[PDB]
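Residues per chain are reported as follows:
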Amino acid sequence: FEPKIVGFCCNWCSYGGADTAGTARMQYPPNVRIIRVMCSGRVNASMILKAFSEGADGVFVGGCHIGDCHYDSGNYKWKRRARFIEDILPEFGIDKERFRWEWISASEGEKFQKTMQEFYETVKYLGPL
Amino acid sequence: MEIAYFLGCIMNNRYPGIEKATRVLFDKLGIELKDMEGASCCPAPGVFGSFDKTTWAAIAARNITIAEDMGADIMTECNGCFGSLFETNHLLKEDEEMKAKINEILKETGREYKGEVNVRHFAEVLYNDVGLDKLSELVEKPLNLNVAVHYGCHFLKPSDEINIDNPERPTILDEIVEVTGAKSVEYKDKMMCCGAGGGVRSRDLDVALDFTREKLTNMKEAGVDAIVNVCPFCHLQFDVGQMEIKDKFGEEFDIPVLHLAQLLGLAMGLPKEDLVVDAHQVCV
Amino acid sequence: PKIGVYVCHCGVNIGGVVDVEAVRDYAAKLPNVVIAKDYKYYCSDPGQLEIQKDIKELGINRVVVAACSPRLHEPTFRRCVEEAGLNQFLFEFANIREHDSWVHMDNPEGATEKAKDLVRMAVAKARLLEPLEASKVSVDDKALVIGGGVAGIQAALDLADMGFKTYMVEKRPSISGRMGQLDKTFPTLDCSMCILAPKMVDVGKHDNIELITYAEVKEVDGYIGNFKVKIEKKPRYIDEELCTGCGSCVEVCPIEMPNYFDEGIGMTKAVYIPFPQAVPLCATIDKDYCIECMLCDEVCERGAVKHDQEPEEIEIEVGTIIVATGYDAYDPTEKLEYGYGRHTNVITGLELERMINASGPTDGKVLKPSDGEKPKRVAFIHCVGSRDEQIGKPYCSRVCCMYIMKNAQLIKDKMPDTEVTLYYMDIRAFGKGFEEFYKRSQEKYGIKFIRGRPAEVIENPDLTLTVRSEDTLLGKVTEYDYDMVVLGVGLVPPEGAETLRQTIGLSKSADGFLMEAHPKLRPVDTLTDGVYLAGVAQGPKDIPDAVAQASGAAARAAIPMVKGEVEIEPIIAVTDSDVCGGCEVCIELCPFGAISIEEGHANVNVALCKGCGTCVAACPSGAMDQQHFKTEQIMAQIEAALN
Amino acid sequence: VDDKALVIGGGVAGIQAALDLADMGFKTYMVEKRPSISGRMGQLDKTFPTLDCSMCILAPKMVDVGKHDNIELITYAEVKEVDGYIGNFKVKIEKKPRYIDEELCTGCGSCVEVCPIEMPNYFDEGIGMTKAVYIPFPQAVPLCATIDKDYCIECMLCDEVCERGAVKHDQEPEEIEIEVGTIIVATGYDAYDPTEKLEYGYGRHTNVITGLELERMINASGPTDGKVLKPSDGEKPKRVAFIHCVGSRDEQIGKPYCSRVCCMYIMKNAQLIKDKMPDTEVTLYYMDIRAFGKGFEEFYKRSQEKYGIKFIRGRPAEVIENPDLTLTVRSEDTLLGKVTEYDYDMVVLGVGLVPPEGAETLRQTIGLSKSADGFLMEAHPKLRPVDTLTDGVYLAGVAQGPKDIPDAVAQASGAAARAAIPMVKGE
Amino acid sequence: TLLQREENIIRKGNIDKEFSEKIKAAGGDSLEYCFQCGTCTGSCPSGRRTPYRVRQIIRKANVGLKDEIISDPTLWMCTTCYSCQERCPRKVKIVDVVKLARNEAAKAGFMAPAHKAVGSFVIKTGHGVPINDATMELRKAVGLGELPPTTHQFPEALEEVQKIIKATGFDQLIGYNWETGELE
Ligand SMILES: Cc1cc2nc3c(=O)[nH]c(=O)nc-3n(C[C@H](O)[C@H](O)[C@H](O)COP(=O)(O)OP(=O)(O)OC[C@H]3O[C@@H](n4cnc5c(N)ncnc54)[C@H](O)[C@@H]3O)c2cc1C
Ligand SMILES: Cc1cc2nc3c(=O)[nH]c(=O)nc-3n(C[C@H](O)[C@H](O)[C@H](O)COP(=O)(O)OP(=O)(O)OC[C@H]3O[C@@H](n4cnc5c(N)ncnc54)[C@H](O)[C@@H]3O)c2cc1C
Ligand code: SF4
Ligand code: SF4
Ligand code: SF4
Ligand code: SF4
Ligand code: SF4
Ligand code: SF4
Ligand code: SF4
Ligand code: SF4
Ligand code: SF4
Ligand code: SF4
Ligand code: SF4
Ligand code: FES
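Residues numbered from 1 in each chain as written, not as in the entry; some residues may be left out. Chains lettered and ligands numbered in written order. Part of a larger assembly, values for the part shown. Heavy atoms only, no water. Residues with missing side-chain atoms left out of burial classes, pairs and counts.

For this entry, the PDB record names cryo-EM as the structure determination method and reports a resolution of 2.22 Å.

Colleague: Can you tell me about the overall build of chain D, naming the residues and giving the values?
Modeller: For chain D, the helix and strand inventory stands at nine helices and 24 strands. The C-alpha radius of gyration computed for chain D amounts to 23 Å, which stays within 12% of the reference 22 Å derived for 427 residues, consistent with globular compactness. Its C-alpha atoms put chain D at 65 × 60 × 35 Å along the principal axes. In chain D, of all internal contacts separated by at least 6 residues, the share reaching a separation of at least 24 is 67%. Of the roughly 15,300 Å² of accessible surface on chain D, 48% is carried by carbon and sulfur atoms. (Helix = DSSP H or I, 4+ residues; strand = E, 2+ residues; numbered from the N terminus. Rg over C-alpha atoms; globule rule 2.2 N^0.38 Å. Contact = heavy atoms within 4.5 Å. Areas by Shrake-Rupley, 256 points an atom, 1.4 Å probe, with all protein chains shown as cover.)

Colleague: Residue-level account of the arrangement of the chains, with values.
Modeller: Where six pairs of chains are in contact, the pair with the most contacts is made of chains B and E. Chain E makes no contact with chain A, the minimum C-alpha separation between the two being 22 Å.

Colleague: Residues and numbers for the interface of chain B and chain E, please.
Modeller: Taken together, the contact between chain B and chain E spans 65 residues of the former and 59 residues of the latter. Both faces combined, the contact of chain B with chain E buries some 5,200 Å², and carbon together with sulfur accounts for 62% of it. Taken as a group, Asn13, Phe51 and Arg203 of chain B account for 16% of the area that chain B buries against chain E, more than any other trio of residues on that side. Applying the counting rule to chain B against chain E returns nine salt bridges. A salt bridge links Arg111 of chain B to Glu160 of chain E; its shortest N-O distance comes to 2.9 Å. Scanning the region where chain B abuts chain E turns up 25 residue pairs in polar contact. For the side of chain B that touches chain E, the per-class residue count stands at 24 nonpolar, 18 polar and 23 charged. (Buried area = accessible area lost by both parts, 1.4 Å probe. Salt bridge = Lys/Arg side-chain N within 4 Å of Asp/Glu carboxyl O. Polar contact = N/O pair within 3.5 Å; in protein donor to acceptor, adjacent residues only side chain to side chain. Nonpolar A, V, L, I, M, F, W, Y, C, P; charged D, E, K, R; others polar.)

Colleague: Break down the interface of chain D and chain C for me, with residues and values.
Modeller: With 67 residues of chain D at the contact, the number on the chain C side is 69 residues. Around 5,400 Å² of area is buried between chain D and chain C when both sides are counted, 58% of it from carbon and sulfur atoms. Of all residues in chain D, the largest losses of buried area upon contact with chain C belong to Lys294, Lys382 and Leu383 of chain D, amounting jointly to 15% of the total for that side. For the interface between chain D and chain C, the tally reads nine salt bridges. We note a salt bridge from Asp20 of chain D to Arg556 of chain C, for which the minimum N-O separation is 3.6 Å. On inspection of chain D and its partner chain C, the count reaches 22 residue pairs in polar contact. Of all the elements in the fold, those that place two or more residues in the side of chain D that touches chain C are α1 (12-23), α2 (54-66), α7 (296-305) and α9 (405-425) of chain D. Per element, the largest residue contribution to the side of chain D that touches chain C is 13 residues, and it comes from α9 of chain D.

Colleague: For the site of ligand 12, give the residues involved together with the corresponding values.
Modeller: In the region of ligand 12, 13 residues are neighbours, and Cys34, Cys37, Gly38, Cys40 and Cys88 of chain E sit closest. Of the residues belonging to the shell around ligand 12, the class tally is eight nonpolar, three polar and two charged. (Near = heavy atom within 4 Å.)

Colleague: Talk me through the pattern of salt bridges; I want residue IDs and the actual numbers.
Modeller: Overall, the coordinates contain 120 salt bridges over all chains when judged by the stated rule. Of the charged contacts in the structure, one is a salt bridge between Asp233 of chain D and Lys230 of chain D, with a shortest N-O distance of 3.0 Å. Overall, the relative accessible area of 37% leaves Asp233 of chain D in the partly exposed class. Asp333 of chain D serves as the salt-bridge partner of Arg59 of chain E, at 3.0 Å between the closest nitrogen and oxygen. Of this pair, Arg59 of chain E sits in helix α3 (residues 54-63) while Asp333 of chain D is found in strand β20 (residues 327-333), placing the two residues in two different chains. We classify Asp333 of chain D as buried; its relative accessible area is 1%. Residues joined by salt bridges that share partners form a network here, namely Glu168, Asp189, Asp210 and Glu214 of chain B, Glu456, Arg468 and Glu479 of chain C together with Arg48, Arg49 and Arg87 of chain E. (Buried < 20%, exposed > 50% of the residue type's maximum accessible area, 1.4 Å probe, protein only.)

Colleague: Explain the site of ligand 13 residue by residue, including any values.
Modeller: Lining the immediate surroundings of ligand 13 are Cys44, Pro45, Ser46, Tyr52, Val54, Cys78, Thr79, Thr80, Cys81, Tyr82, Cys84 and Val95 of chain E. Residue composition of the shell around ligand 13, by class: nine nonpolar, three polar and no charged.

Colleague: Could you give me a rundown of the environment of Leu527 of chain C, with the residues and numbers involved?
Modeller: All names here are of chain C. For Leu527, the location among the structural elements is in the loop between α13 (497-504) and β29 (531-533). Along the sequence, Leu527 and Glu516 sit eleven residues apart, while their C-alpha atoms lie 7.2 Å from each other. Once residues lying within four places of it in the same chain are set aside, the contact partners of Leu527 are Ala517 and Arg522.

Colleague: Tell me about the packing of helix α4 (residues 53-70) of chain B against helix α6 (residues 96-106) of chain B, and please be specific about residues and values.
Modeller: All names here are of chain B. At a closest axis distance of 10 Å, the pairing of α4 and α6 adopts a crossing angle of 75°. The angle between the axes of α4 and α6 places the two elements in the roughly perpendicular class. Residues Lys53, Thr54, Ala57, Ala58, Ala61, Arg62 and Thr65 of α4 form the contact with α6, whose own contacting residues are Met98, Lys101, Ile102, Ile105 and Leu106. (Axes fitted to C-alpha atoms, helices over the stretch in contact; angles between N-to-C directions. Parallel < 35°, antiparallel > 145°, perpendicular 65-115°, else oblique.)

Colleague: Any details on the UniProt feature "binding site: [4Fe-4S] cluster 3" in chain C? Residues and values, ideally.
Modeller: Residues and elements named next belong to chain C. Here the UniProt feature "binding site: [4Fe-4S] cluster 3" sits at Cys580, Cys583, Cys586 and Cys619. A maximum C-alpha distance of 11.0 Å among these annotated residues, which run over 40 residues, shows that they cluster at one spot. Of note, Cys583 is situated in the loop between β31 (573-575) and β32 (595-598). By relative accessible area, which is 53% here, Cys583 ends up exposed. Examined against the element boundaries, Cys586 turns out to sit in the loop between β31 and β32. Exposure remark for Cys586: the relative accessible area of 9% places this residue in the buried category. Residues within four places of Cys586 in sequence aside, it is in contact with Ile595, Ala602, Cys615 and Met624. (UniProt positions renumbered as here; feature names shortened; annotations may be inferred.)

Laid out in structure tokens, this is it:
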């Protein structure tokens, strides 16, 4: 079983974190697919639900550390949305461990690598959705 | 309040007056001292930590498990015993494989280390749980004494783990001493080691006695009347090494050695018999 | 939509892990793609020429590039397409190097599949892209320089000589910075004031420079070319326009207070002039010490004393900002083993600089704080406040070695009989002439070097000081007596640095100093456009390095002001009035207040909007949509990622 | 005052100065003696203290220089005469014959593939080979081929294989005359040649290399494809020694100055070797560790803590080649106070920085004065670091003295500002 | 004669890399990052009255000079006062390194007779400093029991301590002989 994982990362820190992990040559499983947004505040529950309905076995969202958002306060709004999404998902048979959201700074390549590896292990252990 | 009472070796086997004074003081203060039945050497870090870390850690873990079975935190009035027990406690608490090894050793004794209690120093307990105001209220007669405070190395160091007071210029023991009316006199190299730790006293007595002689020379030109310590291992070093220095080099230091508990008892008007100054080789 | 796909080998950086043949072949076969090509280095001139030729010939209206991260080369390919006529926002970037090839080396097949999926997502997004004309905004041809030290003075003079009107805000009553406090400079031992004072006078006289001393920057708003700055001028209680700096008020004043210029070892009056070469040469009254005796008021002939002065608020509009706020000297009081503040005859390097200066408090005589007598034995301790994890200072201060050696040489020059010893770990004489200066310290002046970080400094009853330290090259402990001990304190960010950093909105480096845009190639730029760094504001360094940085910052700030225009990105919210219901759950979500309500419909201000997309994500009905990040585009990308 | 500038040297400093001048609106000429711009920065694999790829950040600037409307790039050329004064400089330059048409050559490289003559590549610093017709490196600007007639045999195969007709065997040197107002000298440096240090045995011992040769070897695009290999047998060394202060701080050779960068790149290359080969043992012989710059002390601590690189404080007395071609370094450990004789598979000399070849000729042509270290002297050591006492002539980068990339870049930007001021004033 | 062909030069024959790796893996990891400033030695009180040099011990541990360390008498001059560790600018765990080196030395047979006597006292009575008759009478006079509530009073506690000692190998290290209750 090879899970399908979709990732959303903000342009300024989390996408920068993935770039840092890449430049440092930090290996991690190739299942994740990153989609760029300017801010984590651009992400809403419709995208997560569409990803899960289209065949995704896990959804990751990466944002700036609270207080480090380029756009000042988008990540707060995303955090609220993410808590509500964790509330909603289990009602339709989707474990909330399949939906992970983390704060990754532009220089935190190693944290991004570890997050990717651990999320892949979790989703694979859960099995197909 | 109830706290487990760890005696060690020197206090209960060479200088029982310190133990008697501690018991009387803690009874007066309203703190119950619970005896750690079956306790052994902590074991003294100098020899056992230097020879085999596993044996030292296992013995200290058994000592800690005694207090864990009583539910209470350990209180110790020896710098060496405090260092040994405190170091073993943080190592096992923050190290799972070492904890597993120590528990595998301890299984034969029908004991298991759980990391449930804290190791505390007599002076730290007096400063925090009691406070200086309560201690002052218990002073029946202020003392007129110039005393040299010997902090000892293992009371405050390694300070990253202990976090009691600044190891370079501490003040806790000075304040506890001065609530009694005694004046804590500054002297050169106040924070120097007494020379007894690390097994040096039994390995090279001359070097340890040189440590003690330098400290005594500094205290004497400071013009002090007594030495106050919170370590029976430093207490023994000073007391017995004064006579050893007298016999070897003929230098005559006649500075009495008092534990902090004994000084507090003197300031609290305890019987002269309870201090057991007869055990001291240097006349008080 | 005619999509042209360009997969970059990047040499072997993508090619070595990902098959740039199988990936180009898929792109040619994907719907709407009319060309698929691969080139070894697309960002290079030949690659851009290939892209332009393809656009011109095949009439491509969408360009997709499978190359490194967009954060690196998106502007490059955007200006490429335009020179060939396409709109910049019709182009898409697929990240297959940092996200695919450099992180899945052990899975080449999975890497190729991921590259295929990523290119599919990129083409899915590119299908729905539309042209967006970007708006130009004028760049004000004015500069602000914060800090009146050598670096700030250099930057202001360079900008003013290039023709730009410059403001210089300085928190102290006079400019000069720390260079004015030095007696001599290494490695030449020339007088610092003799060469700095002409520059200070130049700054004070320049037609293109507005000098605002005794003032602080309170608020900064706006962006490059369009900075609105609110400055607070503190009350001198002396009229700058009237005061001539004669100093009679100082003569008559009865109150004595420390002189900040003398670094705690010099005294002046409640009304004071920091030093004779001050610019502006004006008096200042410190009300913490003034008793309002009006003696200065009576003795002044210009009527320059104003005891009822109030703080003034100034508002300026500038195009660029240069931060040149310098540093403070490390306070070694926390190093208890060295006894600074406790031992009488322990001083710092900057205090020694003030004491050796002829105009200093002691008239240039190095005297013991205890007795007023010259020390016969002097020790210097290196790396105080630096290279020390016990105090969280793991960096080198980069100048303490050289100024320690310089002050030892000066003490030898003034008092040849004095014995001087330096306690060092490394001698970092890295600069031009620095190694020769280091050798001259030994050969000519007979200064003694001990390789050992002192363990302790002990004050003896007679107030002499025993340094207890290992001589590691002799491999033995030493306890040497000295009449004076000088701590080689390091450099730290100045007091109030965090307040100004938050006011402007800059980041800081691990050492606490301000962070440059790129460590190697943009040393004086910041990631905030229109803001630049000069001098020790960016980190410890000596005077020539700070001057070079100031000149470079002047050039970099002049570039955009010469251009006179900057482009605004058009990734902004747009409201569909026919769909919008005026629910208004979007207005409060904009931190910049870009959204208002007109005619019962949401309306976005382009100038205020920055393009976060929060409001668009919040809008339930979808009336709000972000340009270049539309909901349909992201939905198509999600669909393509899994299908 | 003429509003045109001349930048001599196509390194990072010269590139930065030319780009800054062009962005300020002044027409700028750039003169580079090598076929391509980049300088020594283009030869590095990574850069300290960040270990970021040097070429990845330098190449965009080279492309910008090559396609700027306000910059005229003249590579493979030398400044022959300078006459006049500030605002009124007449400069005569000679463009050496490439024997390849710059306007026609696309740098495809077919002629290189077909050429039969092998010759050393200057970009590889004496450890890499190319053909008589060569392109110094893939990211060269201009991407154009060059024929070296010292090796060409005139077989004409390049002419046959060239589809653009860019081969020109009858080309002649060209004379160019330009009028400028300011000149920025950014001619950089050369690596010290340690052949004269007979005790270390460079040029005699097989497995003794320099730091720059190690930079070329470790570069993924270098002659060894980024592999650190013993010159003797082409296998990876299991033990590597680094020697600091080779060619610096040494009065026996008349080099009493610090080269200011060898400590840092020694540590950087040791870290890179450890990253590529974690099992390798790396030892550095140093006198002082000069980690003075921003993040440098942390870089040094990282070298010790993360990578386990060994530091011996002692200037080695000798390097002895063993019969099996391993090298014994004989040196005192001054902190142990004892003589050590340690064996290594490779020894890397931390050579210093010297003025480049032909520096004196250019200095005399312009008329500049040199400092005691041999580099160009500035007007004032403290307050005019990029100016010279000759009005209208400025210094940038290592031309003024050893320093790292950010310092050279700051000096180049400052020189651009200082040269722009007179051109802005116009009189 | 001053001639000594082996003591005055260090080669690969004097170096034991496994010793360095063992010490680092056992908790002396920090010694890898000593910069040899000499603050530890300057702080050492036994350093200025004995030939003991802590900085040189750290350096030798990093280099791998196992025999020079474990057989060194000065290794036992450290009182574990922690001053060096308190003042180290690189935060090296100096005392941990010293104790690990002492453990290796003890495993190599470099154990003082007095330290073995202390260990044998702990084995026999459970106390490093057992009680004597004079202290027994002193305790009885002040109302303390004649014996403290330790392994002196409870034989089962002594049995537990001896079981721990047997399990950890301490008896073998000090050469304690159970049959005769002596040291060999
Ligand atoms: C003891 C000592 C000796 C030295 N000797 C030498 C030497 O011999 N040669 C040498 O080359 N270098 C020497 N240096 C280093 C030298 O001082 C610096 O390189 C140089 O002073 C840096 O200049 P700067 O303009 O960057 O900063 P500074 O000189 O610190 O000037 C900064 C200016 O900014 C102002 N400022 C700060 N905060 C604000 C704010 N919020 N708003 C407005 N203004 C603000 C300050 O008041 C000051 O006017 C020495 C340093 C020391 C400590
Ligand atoms: C082994 C090594 C490793 C290094 N590693 C780093 C590092 O990791 N990080 C770092 O920041 N710095 C590093 N440096 C230092 C860095 O290389 C220099 O700071 C930088 O290259 C200086 O650039 P420049 O343009 O001043 O000179 P150069 O790079 O030397 O460029 C000078 C240019 O001028 C040309 N030229 C010379 N003479 C003439 C002439 N007469 N006419 C025309 N053109 C001429 C040259 O051919 C060249 O194109 C390292 C240096 C070495 C030797
Ligand atoms: S476009 Fe990106 S991936 Fe391609 S060669 Fe340039 S930097 Fe490398
Ligand atoms: S206030 Fe008046 S008296 Fe004082 S310095 Fe100014 S002009 Fe002179
Ligand atoms: S009014 Fe204030 S400043 Fe003026 S003389 Fe009196 S005390 Fe001094
Ligand atoms: S420059 Fe010298 S004295 Fe200053 S921090 Fe660096 S090593 Fe220490
Ligand atoms: S949230 Fe949507 S519907 Fe509501 S006001 Fe904003 S744009 Fe209109
Ligand atoms: S996109 Fe962001 S900045 Fe723009 S209007 Fe919406 S919330 Fe404001
Ligand atoms: S000379 Fe001809 S064959 Fe050679 S690189 Fe140039 S175009 Fe290609
Ligand atoms: S003519 Fe010269 S350059 Fe061309 S292939 Fe022959 S040898 Fe090579
Ligand atoms: S930088 Fe370091 S290696 Fe280079 S000369 Fe200076 S001290 Fe020697
Ligand atoms: S103080 Fe720390 S860094 Fe300095 S020599 Fe001692 S152990 Fe090494
Ligand atoms: S712990 Fe040991 S080495 Fe450190 S200062 Fe104390 S006696 Fe010296
Ligand atoms: S920009 Fe990354 S969270 Fe707002």
